[PDB]
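Heads up: the sequence lines are chains B and A, in that order. Here the deposited numbering runs 11 ahead of the position in the first sequence, where the first position is 1. Per the deposited numbering, the second sequence runs over residues -1 to 1, 3 to 33, 36 to 54, 56 to 350. Working notes, structure below.
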Amino acid sequence: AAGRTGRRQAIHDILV
Amino acid sequence: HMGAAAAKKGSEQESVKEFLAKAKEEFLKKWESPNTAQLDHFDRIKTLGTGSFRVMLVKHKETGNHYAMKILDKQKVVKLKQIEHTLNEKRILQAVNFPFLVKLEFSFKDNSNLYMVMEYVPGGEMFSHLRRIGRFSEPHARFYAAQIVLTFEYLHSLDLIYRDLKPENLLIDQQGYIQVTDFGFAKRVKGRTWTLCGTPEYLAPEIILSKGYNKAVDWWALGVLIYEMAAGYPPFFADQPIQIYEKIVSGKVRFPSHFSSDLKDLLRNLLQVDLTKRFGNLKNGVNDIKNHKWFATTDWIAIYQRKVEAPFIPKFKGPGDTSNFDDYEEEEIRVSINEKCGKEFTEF
Ligand SMILES: NC(=[NH2+])SCc1ccc(Cl)cc1
Ligand SMILES: NC(=[NH2+])SCc1ccc(Cl)cc1
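Here it is as structure tokens:
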């Protein structure tokens, strides 16, 4: 049940 | 299911076709025929948001009006895909026109930066309201979802994919309605496209799997958004992007026990890994979504005309009020004596 709660940055070209 | 009521829906559908035809004509005129200001015409007020490559509240000196100014560091915009994506954003925002899209007012560039000056929407991001309240009621979430459905129907009819739906990018205006901002990933796409981009929690499986994909990724992301609005957290939820990706591709979603069955049915059809089955991607297109039982109370025309009472009106103390936005570090804005990346941004 743990995940990212703050603002989420988008990714432009690389997934990881 | 329908008794009469079907004739009214059918006529409504022909009227949508008529509207979208005129909308495409207006868009193309602006898309094929696009420095409306300079930096010293504005006073810096406050940073409203920050990303890798910032959005500032500014005041136009002459008129005194307030605007949101997105500033892009030209050298920082590479980063590769950044380059093309920044050109996509400006050209799209200057050509579109819809009630739930933020309006671009001016754009210009100098030796160091690109600038896009947009209407200031003082109600704040949906994101912060949602995190503060926890979750929205289903009627509340439905009201916002309907506006996104109509906005995507508009954008997709122009062959535009949006590709970054999330609460961070949805501003609440003075009437409580949505304004979509940040077109940095939006692209005009006739068929498929291949860039790996978006926000992890909202990526459709086909993006993650490095498959050529189409506008159906926006309908997947709508499923994620509706789920997050109604639950308070997104359906694929983990600390690290790699763990998020595994959950997305698995094809398994669990729902809170307070979700209505109508909501769960809609979400199972949006969060559908199989593209031959995903709502928004079938023979009936967007109408599978608009006619779904969860939207049975939605008056689509009334939403578009902004005739529906909003669930929540943000308080505004006055012009230039920033009380509905979080605070950010205030970094210096510096412009070089020497032009940077001039040829690489000639089209901007
Ligand atoms: N990253 C993209 N999605 S296209 C822009 C690009 C620019 C430079 C290079 Cl070397 C590759 C690609
Ligand atoms: N959420 C963002 N993408 S930056 C914050 C912001 C952007 C645009 C406007 Cl009109 C106001 C605030």
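The beta-carbon is built from N, C-alpha and C at its ideal position, and this holds for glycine as well.
Chain B within 8 Å of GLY52(A), Cβ atoms only: Judged by the 8 Å Cβ criterion, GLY52(A) is in contact with chain B.
Where the beta strand (DSSP E) containing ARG93(A) begins and where it ends: Segment 84 to 95 is the alpha helix (DSSP H) holding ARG93(A); no beta strand (DSSP E) there.
Near-chain B residues of the region 82 to 107 of chain A - C-beta to any C-beta below 9 Å: Of all residues in the region 82 to 107 of chain A, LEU82, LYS83, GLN84, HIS87 have a Cβ within less than 9 Å of some Cβ in chain B.
Straight-line Cα distance separating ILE246(A) from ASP75(A): Rounded to whole angstroms, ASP75(A) to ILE246(A) spans 30 Å at the Cα level.
Inter-residue Cα distance where the pair is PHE54(A) and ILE22(B): Each residue's Cα considered, the two are about 11 Å apart.
Contact check, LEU224(A) vs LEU272(A), beta carbons under 8 Å: Yes. Within cutoff.
Backbone CA spacing between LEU173(A) and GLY50(A) [nearest angstrom]: Our two residues, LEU173(A) and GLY50(A), have alpha carbons roughly 12 Å apart in a direct line.
Alpha-carbon to alpha-carbon, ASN340(A) and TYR156(A): Straight-line Cα distance between these residues: approximately 41 Å.
Contacts of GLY200(A) in chain B (Cβ-Cβ under 8 Å): Neighbours of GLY200(A) in chain B, taken as residues whose beta carbon is under 8 Å from its own, are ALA21, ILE22 in chain order.
Beta carbon of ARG137(A) nearer than 8 Å to that of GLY234(A): Yes, the pair counts as a contact, with Cβ atoms nearer than the cut-off.
Start and end residues, beta strand (DSSP E) containing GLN20(B): Per DSSP, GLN20(B) lies in no beta strand (DSSP E) segment and is marked neither H nor E.
Nearest candidate by alpha-carbon position, reference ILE150(A), set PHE129(A), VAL182(A), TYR229(A): When only C-alpha atoms are compared, the closest one is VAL182(A).
Whole-angstrom C-beta distance between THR48(A) and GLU332(A), which should lie under 8 Å: Sure, about 6 Å apart at Cβ, within 8 Å.
C-alpha distance - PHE327(A) paired with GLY126(A), whole-angstrom precision: Roughly 5 Å between the two C-alpha positions.
Cβ-Cβ distance between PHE257(A) and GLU203(A) below 8 Å: Inclusion of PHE257(A) and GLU203(A) in the CB contact set at 8 Å is not warranted, their separation being larger than that value.
Chain-ordered residues, beta carbon under 6 Å from a heavy atom of ligand 1: This selection yields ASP24(B), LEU82(A), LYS83(A), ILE85(A), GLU86(A), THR197(A).
Bridge partners - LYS111(A), DSSP secondary structure assignment: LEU116(A), per the DSSP bridge assignment.
Beta-carbon proximity list for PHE318(A), same chain, < 7 Å, skipping 5 on both sides: Scanning its chain for C-beta atoms nearer than 7 Å, with the 5 sequence neighbours on each side dropped, one finds around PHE318(A) the residues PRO124, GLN176, in chain order.
Contact list for the region 142 to 172 of chain A against chain B, Cβ threshold 8 Å: If the cut-off is 8 Å between Cβ atoms, the region 142 to 172 of chain A has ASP166, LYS168, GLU170 near chain B.
Closest by C-alpha distance to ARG56(A), when choosing among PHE297(A), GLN274(A), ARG144(A), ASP184(A): The candidate whose alpha carbon is nearest that of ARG56(A) is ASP184(A).
Closest residue to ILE315(A) among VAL226(A), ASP290(A), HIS131(A), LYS29(A) (Cα-Cα distance): With distances taken between Cα atoms, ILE315(A) lies closest to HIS131(A).
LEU82(A) versus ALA6(A) - alpha carbon distance: Taking the straight line from one Cα to the other gives about 51 Å.
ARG336(A) in three-state terms, based on DSSP: Reduced to three states, the DSSP call for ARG336(A) is coil.
Cutoff 6 Å; reference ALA206(A); Cβ partners in own chain excluding five residues on either side: The beta carbon of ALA206(A) lies closer than 6 Å to those of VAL219, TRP222 in the same chain, with the five residues before and after it left out.
Every unbroken beta strand (DSSP E) within the region 168 to 230 of chain A, with a cutoff of 3 residues, ordered by chain: Whole beta strand (DSSP E) segments, 3+ residues: 172 to 174, 180 to 182.
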